[PDB]
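Just one chain is shown here, as C-alpha coordinates, and it is the form solved without the DNA.
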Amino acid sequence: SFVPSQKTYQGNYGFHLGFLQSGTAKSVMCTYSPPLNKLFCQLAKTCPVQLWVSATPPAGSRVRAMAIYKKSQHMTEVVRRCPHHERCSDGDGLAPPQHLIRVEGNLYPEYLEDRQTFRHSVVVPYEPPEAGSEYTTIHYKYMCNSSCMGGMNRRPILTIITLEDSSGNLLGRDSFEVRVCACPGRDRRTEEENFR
(Lines give C-alpha, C1' and ligand atoms only; values in the text may rest on other atoms or scores of the structure.)
Protein backbone atom coordinates (compact mmCIF):
# COMPACT_ATOMS: atom_id res chain seq x y z
CA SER A 1 0.00 0.00 0.00
CA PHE A 2 1.29 3.45 -0.99
CA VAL A 3 2.91 5.03 2.06
CA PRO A 4 1.32 8.30 3.23
CA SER A 5 3.53 11.32 3.85
CA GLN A 6 4.78 11.87 7.40
CA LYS A 7 6.54 15.14 6.59
CA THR A 8 5.86 17.80 9.20
CA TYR A 9 4.17 20.82 7.58
CA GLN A 10 3.01 23.67 9.80
CA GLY A 11 1.44 25.40 6.82
CA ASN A 12 -0.40 28.71 6.63
CA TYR A 13 -2.00 28.24 10.04
CA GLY A 14 1.13 27.23 11.96
CA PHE A 15 -0.44 23.88 12.77
CA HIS A 16 1.35 21.61 15.23
CA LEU A 17 0.73 19.22 18.12
CA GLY A 18 1.15 19.54 21.86
CA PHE A 19 0.97 17.20 24.85
CA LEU A 20 0.25 17.77 28.52
CA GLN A 21 3.14 17.06 30.88
CA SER A 22 2.04 13.84 32.61
CA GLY A 23 5.16 12.60 34.37
CA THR A 24 6.34 8.99 34.56
CA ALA A 25 4.57 7.53 37.60
CA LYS A 26 3.79 3.83 37.12
CA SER A 27 0.12 4.76 37.52
CA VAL A 28 0.13 7.03 34.45
CA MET A 29 -2.16 5.74 31.70
CA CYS A 30 -0.64 8.01 29.06
CA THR A 31 2.59 10.00 28.92
CA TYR A 32 4.50 11.83 26.19
CA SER A 33 8.28 12.00 25.76
CA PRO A 34 9.47 15.23 24.08
CA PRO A 35 13.00 13.94 23.28
CA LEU A 36 11.57 10.86 21.56
CA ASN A 37 8.43 12.57 20.20
CA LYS A 38 6.73 9.43 21.44
CA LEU A 39 3.45 8.74 23.21
CA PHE A 40 3.34 5.84 25.67
CA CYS A 41 -0.15 4.64 26.58
CA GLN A 42 -2.10 1.73 27.98
CA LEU A 43 -4.43 -0.29 25.77
CA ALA A 44 -7.75 1.44 25.09
CA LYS A 45 -6.98 4.39 27.39
CA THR A 46 -7.85 7.92 26.31
CA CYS A 47 -4.92 10.05 25.16
CA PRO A 48 -5.35 13.82 25.05
CA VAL A 49 -3.60 15.34 22.04
CA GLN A 50 -3.33 19.10 21.60
CA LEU A 51 -3.85 20.98 18.35
CA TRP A 52 -2.19 24.38 18.07
CA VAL A 53 -2.69 26.98 15.33
CA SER A 54 -1.55 30.57 14.90
CA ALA A 55 -4.86 31.47 13.28
CA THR A 56 -8.21 29.69 13.06
CA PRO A 57 -8.59 27.69 9.83
CA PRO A 58 -11.67 28.11 7.58
CA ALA A 59 -15.14 26.69 8.20
CA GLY A 60 -15.36 23.01 7.41
CA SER A 61 -11.76 22.31 8.44
CA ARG A 62 -11.13 18.73 9.55
CA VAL A 63 -8.57 16.78 11.61
CA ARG A 64 -7.52 13.32 10.42
CA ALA A 65 -5.60 10.68 12.38
CA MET A 66 -3.90 7.76 10.62
CA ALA A 67 -1.42 5.14 11.81
CA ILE A 68 1.50 3.81 9.80
CA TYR A 69 4.26 1.39 10.74
CA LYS A 70 7.63 2.93 11.60
CA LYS A 71 10.00 0.19 10.37
CA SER A 72 10.83 0.43 6.68
CA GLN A 73 10.00 -3.26 6.16
CA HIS A 74 6.51 -2.62 7.56
CA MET A 75 5.74 0.78 5.99
CA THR A 76 3.65 -0.58 3.09
CA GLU A 77 1.48 -2.69 5.40
CA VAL A 78 -1.88 -1.31 6.52
CA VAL A 79 -2.07 -0.85 10.29
CA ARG A 80 -5.06 -2.86 11.54
CA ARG A 81 -6.06 -4.45 14.85
CA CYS A 82 -5.08 -8.01 15.72
CA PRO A 83 -7.75 -10.59 14.79
CA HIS A 84 -8.44 -11.20 18.49
CA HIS A 85 -9.00 -7.55 19.41
CA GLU A 86 -11.05 -7.05 16.25
CA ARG A 87 -13.27 -9.90 17.42
CA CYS A 88 -13.40 -8.47 20.94
CA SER A 89 -16.65 -6.93 22.20
CA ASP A 90 -15.39 -3.39 22.82
CA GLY A 91 -17.22 -1.60 20.03
CA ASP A 92 -18.85 1.78 20.60
CA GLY A 93 -21.16 1.54 17.60
CA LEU A 94 -19.16 4.13 15.66
CA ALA A 95 -15.78 2.58 14.90
CA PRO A 96 -15.47 -0.44 12.60
CA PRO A 97 -13.91 -3.38 14.54
CA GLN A 98 -10.74 -3.30 12.41
CA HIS A 99 -9.73 0.28 13.29
CA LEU A 100 -6.80 0.72 15.67
CA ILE A 101 -7.28 4.43 16.37
CA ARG A 102 -10.56 5.63 17.87
CA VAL A 103 -11.76 9.03 19.05
CA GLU A 104 -13.45 9.53 22.40
CA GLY A 105 -15.38 12.57 23.61
CA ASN A 106 -16.35 13.79 20.13
CA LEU A 107 -19.87 13.51 18.71
CA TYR A 108 -18.76 13.61 15.07
CA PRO A 109 -16.05 11.10 14.22
CA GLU A 110 -15.88 9.66 10.71
CA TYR A 111 -14.16 6.30 10.34
CA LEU A 112 -12.78 5.96 6.84
CA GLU A 113 -10.97 3.46 4.63
CA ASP A 114 -9.10 4.63 1.53
CA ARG A 115 -10.51 2.78 -1.49
CA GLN A 116 -7.05 2.45 -3.06
CA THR A 117 -4.61 2.01 -0.19
CA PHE A 118 -7.13 0.46 2.24
CA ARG A 119 -5.62 2.52 5.06
CA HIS A 120 -7.86 3.49 7.95
CA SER A 121 -8.25 6.92 9.46
CA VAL A 122 -10.60 8.75 11.77
CA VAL A 123 -11.62 12.35 11.15
CA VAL A 124 -13.36 14.90 13.36
CA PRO A 125 -14.29 18.53 12.64
CA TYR A 126 -11.65 21.06 13.63
CA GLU A 127 -12.96 23.15 16.54
CA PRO A 128 -11.23 26.23 17.98
CA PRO A 129 -9.93 26.28 21.58
CA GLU A 130 -12.35 26.62 24.48
CA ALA A 131 -12.36 29.89 26.43
CA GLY A 132 -9.07 30.55 28.20
CA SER A 133 -7.27 27.95 26.10
CA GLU A 134 -4.66 28.38 23.37
CA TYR A 135 -5.13 24.87 21.97
CA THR A 136 -7.81 22.32 21.10
CA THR A 137 -7.83 18.81 22.51
CA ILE A 138 -8.81 15.62 20.73
CA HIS A 139 -8.92 12.40 22.73
CA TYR A 140 -7.55 9.35 20.94
CA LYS A 141 -7.61 5.71 22.01
CA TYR A 142 -5.38 2.94 20.66
CA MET A 143 -7.43 -0.26 20.56
CA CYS A 144 -4.70 -2.84 19.94
CA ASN A 145 -1.17 -3.51 21.20
CA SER A 146 -0.17 -5.65 18.20
CA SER A 147 0.68 -8.47 20.60
CA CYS A 148 -0.20 -10.93 17.83
CA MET A 149 2.61 -9.60 15.64
CA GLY A 150 5.35 -9.05 18.22
CA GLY A 151 3.90 -6.04 19.98
CA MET A 152 5.10 -2.44 19.67
CA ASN A 153 8.67 -3.73 19.96
CA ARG A 154 8.55 -5.44 16.58
CA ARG A 155 5.74 -3.34 15.10
CA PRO A 156 6.28 0.26 16.23
CA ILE A 157 3.80 2.78 14.82
CA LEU A 158 3.48 6.47 14.15
CA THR A 159 0.29 8.49 14.24
CA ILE A 160 -0.02 11.12 11.50
CA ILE A 161 -2.35 14.02 12.25
CA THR A 162 -3.45 16.18 9.35
CA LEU A 163 -5.39 19.42 9.35
CA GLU A 164 -7.45 19.47 6.14
CA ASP A 165 -10.07 21.57 4.40
CA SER A 166 -13.59 20.30 3.67
CA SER A 167 -12.40 18.74 0.40
CA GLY A 168 -9.56 16.73 1.90
CA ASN A 169 -6.76 19.10 0.92
CA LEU A 170 -3.75 19.41 3.20
CA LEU A 171 -3.54 22.41 5.54
CA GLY A 172 -1.00 21.07 8.02
CA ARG A 173 0.68 17.84 9.16
CA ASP A 174 2.44 16.59 12.28
CA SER A 175 3.12 13.16 13.76
CA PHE A 176 4.36 11.23 16.78
CA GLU A 177 5.40 7.68 17.58
CA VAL A 178 3.09 5.58 19.73
CA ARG A 179 3.80 2.63 21.98
CA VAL A 180 0.89 0.80 23.57
CA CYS A 181 2.32 -0.84 26.69
CA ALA A 182 1.54 -2.17 30.17
CA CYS A 183 3.25 0.60 32.14
CA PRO A 184 3.71 3.84 30.13
CA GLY A 185 5.60 5.66 32.88
CA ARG A 186 8.12 2.84 33.22
CA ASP A 187 8.61 2.41 29.48
CA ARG A 188 9.19 6.12 28.93
CA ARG A 189 11.81 6.34 31.68
CA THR A 190 13.63 3.29 30.33
CA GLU A 191 13.57 4.46 26.72
CA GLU A 192 14.67 7.99 27.61
CA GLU A 193 17.55 6.60 29.68
CA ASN A 194 18.48 4.24 26.85
CA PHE A 195 18.33 7.21 24.46
CA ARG A 196 20.96 8.89 26.64
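Only residues modelled in both forms are compared. Under this definition, the rigid core comprises the largest set of C-alpha atoms superposing within 1.5 Å between the forms. So that there is no doubt, residue numbering starts at 1 and follows the sequence shown.
Q: Where do the C-alpha atoms have the higher mean temperature factor in this entry, in 16 to 24 or in 168 to 176?
A: In the deposited entry, the stretch with the higher C-alpha B-factor mean is 16 to 24.
Q: 90 to 98 versus 122 to 130: which one carries the higher mean Cα B factor per the record?
A: Stretch with the greater average CA B-factor: 90 to 98.
Q: Using the B-factor values recorded in the entry, state whether the Cα atom of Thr190 falls in the lowest, middle or highest third among the modelled residues of its chain.
A: According to the entry, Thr190 has a C-alpha B-factor in the chain's highest third.
Q: Based on the entry's values, in what third of the chain does the Cα temperature factor of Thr8 lie: lowest, middle or highest?
A: It falls in the bottom third of the chain.
Q: Place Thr159 in the lowest, middle or highest third of its chain's C-alpha B-factors, as listed in the PDB entry.
A: Bottom third by C-alpha B-factor.
Q: Ranking every modelled residue in this chain by its Cα temperature factor as given in the entry, which third contains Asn145?
A: It falls in the top third of the chain.
Q: For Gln50, return the chain-relative third of its C-alpha B-factor as stated in the PDB record: lowest, middle or highest.
A: As the PDB entry reports it, the C-alpha B-factor of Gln50 lands in the lowest third of its chain.
Keep in mind that the form deposited with the DNA bound is not shown, yet the notes after this line are about it.
Q: Does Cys181 reach the DNA in the entry with it bound, with heavy atoms at most 4.5 Å apart?
A: Contact with the DNA, yes.
Q: Is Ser147 close enough to touch the DNA in the entry with it bound, meaning at least one heavy atom pair within 4.5 Å?
A: Because a heavy atom of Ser147 falls inside 4.5 Å of the DNA in the entry with it bound, the answer is yes.
Q: Counting only heavy atoms and a 4.5 Å cutoff, which of 160 to 168, 57 to 65, 123 to 131, 139 to 147 contacts the DNA in the entry with it bound?
A: This holds for exactly one stretch, 139 to 147.
Q: Please look at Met66, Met152, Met143, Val53 and say which one has a C-alpha shift reaching 2 Å or more between this form and the one not shown, core superposed.
A: The only residue crossing the 2 Å threshold is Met152.
Q: Distance change of 3 Å or more between the C-alpha atoms of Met152 and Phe40 in the entry with it bound: closer or farther compared with this structure?
A: Farther, not closer.
Q: Once you account for a change of 3 Å or more, let me know if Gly150 and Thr117 sit closer or farther in the entry with it bound, using their C-alpha atoms.
A: It is closer: in the entry with it bound, the C-alpha atoms of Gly150 and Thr117 lie at least 3 Å nearer than they do here.
Q: Which residue stretches between this form and the one not shown come out as moving, taking only runs of at least three where every Cα shifts by 2 Å or more after core superposition?
A: In sequence order there is one run that relocates between this form and the one not shown, which is 146 to 154.
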